[PDB]
Amino acid sequence: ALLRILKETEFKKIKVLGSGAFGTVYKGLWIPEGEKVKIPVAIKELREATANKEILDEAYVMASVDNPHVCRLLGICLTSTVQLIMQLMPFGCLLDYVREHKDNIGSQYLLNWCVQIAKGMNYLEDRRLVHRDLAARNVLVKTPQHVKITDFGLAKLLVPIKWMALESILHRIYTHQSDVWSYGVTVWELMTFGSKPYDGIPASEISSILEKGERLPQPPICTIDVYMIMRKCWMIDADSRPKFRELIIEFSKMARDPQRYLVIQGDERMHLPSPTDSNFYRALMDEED
Amino acid sequence: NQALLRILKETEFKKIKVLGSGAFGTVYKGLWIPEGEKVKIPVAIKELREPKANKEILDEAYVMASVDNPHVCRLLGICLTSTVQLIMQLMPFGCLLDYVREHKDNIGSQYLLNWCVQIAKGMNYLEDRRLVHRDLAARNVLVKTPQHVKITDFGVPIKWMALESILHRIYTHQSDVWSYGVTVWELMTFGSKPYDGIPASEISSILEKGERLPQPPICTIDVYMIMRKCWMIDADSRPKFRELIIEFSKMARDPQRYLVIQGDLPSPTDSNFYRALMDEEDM
Ligand SMILES: *CCC(=O)N[C@@H]1CN(c2nc(Nc3cn(C)nc3OC)c3ncn(C)c3n2)C[C@H]1F
Ligand SMILES: *CCC(=O)N[C@@H]1CN(c2nc(Nc3cn(C)nc3OC)c3ncn(C)c3n2)C[C@H]1F
């Protein structure tokens, strides 16, 4: 009862928002039968085909998540392009957000985003769910103070080589510890204000340079404390990498003294919003717990 | 406290479409544009019709912004220009009065009785906060979702007023109980006008002589018994909102025993879908 089966006639796609490997996302409108209102939604149109048991069985798990930092699948319409319905996130993806606001993001926002993504990932691990596609492009901004992990369970379809752990590239092993690798790359994206990992290196070569010990470089704003966490996420031995429960504690500790661990020009100028502005955001856009 | 009311600039929101007007001004559907961002967030804007009277407005606006109950609307922001503009959350379904009129052939007893419970819960909170509504009516109950209504517009409606309010300008929580009875009558009549065609200047006379709103056709006597008790001349003899919650909740557990509707809730599937999209606040 956590996945609504929708009819073609009760929603409409109105504007294209973007695409990735698993199809196209639209801003759409849900029109409840009998009512006069139009409710904004996000619609993902898929494009892979090989069942009416495959997609639904995974969608049910997708609709079952319950964590403030994990996006929940809300509905589905089984047409020819299967359309998945979720909540609309007015701010877009975190990657573009950091790129567009890279001159307005202080250490407190960056570290709190790291904490929240780790909380969302720890939730997925607790539920025995492997993401397989964690990246800055798959973190949605609900409010600037509240981010949520998206695009989970689209393993019914198909690769993000430059975010994948070495054992995933070589052996197609996907575990929670391989998610820890992708988490490290996601943190690198945020701390570089949206740089492209291994920029200009063909994907067919990533496993080679990883085997020889090359890793993503230290972002200029990172102290050695933060970069060591990222490097530990990229250890070849998956069991030696940190766990999401541990990443929550460490990044939460750094978030209590953010200017000690990130060196950003003009940091003390940007703070978290006052309780006035957070209460205003939550009342209008973010009423969940 | 002070951080529960946002002071907005003219340049960070825009009125886009009129929704209606009431006693004190006009309500618009609007868009809030956060400074520095590209997003447009829908809001409701109430612009009054008529700097230091603003000290009056602000002192009450802070109290309006301090209420916090799942069935009570909270004032969110204010913009002080010429005419003062008040900002709250937009309710895509509108009020309960127009909703019951437009859906009067699809509303069952369970919805009606649960609405009575929820309005009573919101009023009991206001009494707990020692706040007198003074303008309770079906037109001032907003529909967040069909399963979730909230009381709005606090901080003359003769046909909703208790007799002591008409005669002596006495407003108490027990006079709110009178208005609650009239609000329940509106819902049970599917949006009928109280004392239709009777001039407001004559209402106090008919009340003193014992005339009351008639029993709605769908109302069983148990429900009409409650409504009549809300309209007793002795304000202390009327029920309390804490008691109204218990009684209407009891009837809501056997709704077809207490309301007789020709052709008489959503599945947990549909409620979970509504709440995720429109109503994440905890209740
Ligand atoms: C950042 C790159 C990216 O991930 N692109 C596409 C589209 N995605 C997406 N975006 C939003 N919110 C959004 C973006 N823009 C420009 N406007 C809005 O909202 C009005 C979103 N909300 C919910 N979901 C599921 C979204 N997806 C996902 C990628 F496919
Ligand atoms: C039933 C009595 C009445 O109609 N009073 C009008 C409506 N106003 C009002 N409406 C809404 N929600 C709403 C109304 N319509 C036609 N569309 C929507 O949503 C798109 C509302 N939300 C918050 N506030 C303060 C509202 N006021 C008030 C009177 F003008």
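Residues numbered from 1 in each chain as written, not as in the entry; some residues may be left out. Chains lettered and ligands numbered in written order. Heavy atoms only, no water.

*Asks:* Go over the environment of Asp282(B) with me, naming the residues and quoting the values.
*Replies:* Position of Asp282(B) among the secondary structure elements: in the segment after α10 (268–278). For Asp282(B), a relative accessible area of 57% corresponds to the exposed category. Ignoring sequence-local partners within four residues, the contact set of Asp282(B) consists of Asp289(A) and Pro70(B). (Helix = DSSP H or I, 4+ residues; strand = E, 2+ residues; numbered from the N terminus. Buried < 20%, exposed > 50% of the residue type's maximum accessible area, 1.4 Å probe, protein only. Contact = heavy atoms within 4.5 Å.)

*Asks:* Break down the packing of aromatic side chains for me, citing the residues and quoting the values.
*Replies:* Following the criterion strictly, the structure yields 16 aromatic pairs over all chains and no others. The interplanar angle of 85° and the centroid separation of 5.4 Å between the aromatic rings of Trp30(A) and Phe273(B) together place this pair among those described as edge-to-face. Of this pair, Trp30(A) sits in strand β3 (residues 23–30) while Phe273(B) sits in helix α10, which puts the two residues in different chains. Residue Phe273(B) is classed as buried on the basis of its relative accessible area of 2%. Ring geometry for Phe91(A) against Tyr281(A): centres 6.2 Å apart, planes inclined by 50°, an arrangement best described as tilted. When sorted by exposure, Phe91(A) lands in the same class as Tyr281(A), which is buried. Feature note: the residues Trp30(A), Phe93(B), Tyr99(B), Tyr111(B), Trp115(B), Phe273(B) and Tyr274(B) constitute an aromatic cluster, connected by ring pairs. Taking the ring centre of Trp163(A) as reference, the NZ or CZ of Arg137(A) above it sits at 4.4 Å. Lying over the aromatic face of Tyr28(B), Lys15(B) brings its terminal NZ or CZ to 5.9 Å of the ring centre. (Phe/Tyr/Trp six-rings, centres within 6.5 Å; stacked < 30°, edge-to-face > 60°. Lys NZ or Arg CZ within 6 Å of the ring centre and 35° of its normal.)

*Asks:* Requested: an account of the sheet that holds strand β1 (residues 6–7) of chain B, with residues and values cited.
*Replies:* Taken together, 6 strands build an open sheet; the order of strands is β1-β5-β6-β4-β3-β2 (chain B) and the sheet is mixed. Of all the strands in the sheet, the pair left with one neighbour each is β1 and β2 (13–21) of chain B. (Pairing = 2+ DSSP bridges.)

*Asks:* How would you summarise the pattern of salt bridges if you had to cite specific residues and measurements?
*Replies:* All told, the structure shown has 25 salt bridges over all chains when counted by the stated rule. For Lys144(B), the salt bridge is made with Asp279(B), and the minimal N-O distance between the two is 2.9 Å. Accessibility classification places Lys144(B) together with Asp279(B) in one group, the buried group. It is possible to trace a salt-bridge network through shared partners that takes in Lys142(A), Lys148(A), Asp286(A), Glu288(A) and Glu280(B). (Salt bridge = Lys/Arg side-chain N within 4 Å of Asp/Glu carboxyl O.)

*Asks:* Account for the packing of helix α5 (residues 173–188) of chain B against helix α8 (residues 241–252) of chain B, naming residues and giving values.
*Replies:* All names here are of chain B. Where α5 contacts α8, the two axes come as close as 11 Å, and the packing angle between them is 30°. Between α5 and α8, the interaxial angle falls into the category roughly parallel. Every residue of α8 that contacts α5 at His173, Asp176, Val177, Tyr180 and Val184 is listed here: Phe241, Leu244 and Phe248. Of the residues belonging to the contact of α5 with α8, the class tally is 6 nonpolar, 1 polar and 1 charged. (Axes fitted to C-alpha atoms, helices over the stretch in contact; angles between N-to-C directions. Parallel < 35°, antiparallel > 145°, perpendicular 65-115°, else oblique. Nonpolar A, V, L, I, M, F, W, Y, C, P; charged D, E, K, R; others polar.)

*Asks:* Can you break down the site of ligand 2 residue by residue, with the values?
*Replies:* Residue and element names in this part refer to chain B. Taken together, 16 residues lie near ligand 2, and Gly20, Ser21, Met91, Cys95 and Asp98 sit nearest. Within the backbone of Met91, a nitrogen or oxygen atom sits 3.0 Å from an oxygen atom of ligand 2. Here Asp98 contributes a side-chain N or O atom positioned 3.0 Å from an oxygen atom of ligand 2. Contact with the protein chains covers 77% of the free accessible surface of ligand 2, which is 670 Å². Among the elements of the structure, β2 and α2 (96–102) are those that each provide at least two residues to the shell around ligand 2. (Near = heavy atom within 4 Å. Polar contact = N/O pair within 3.5 Å; in protein donor to acceptor, adjacent residues only side chain to side chain. Areas by Shrake-Rupley, 256 points an atom, 1.4 Å probe, with all protein chains shown as cover.)

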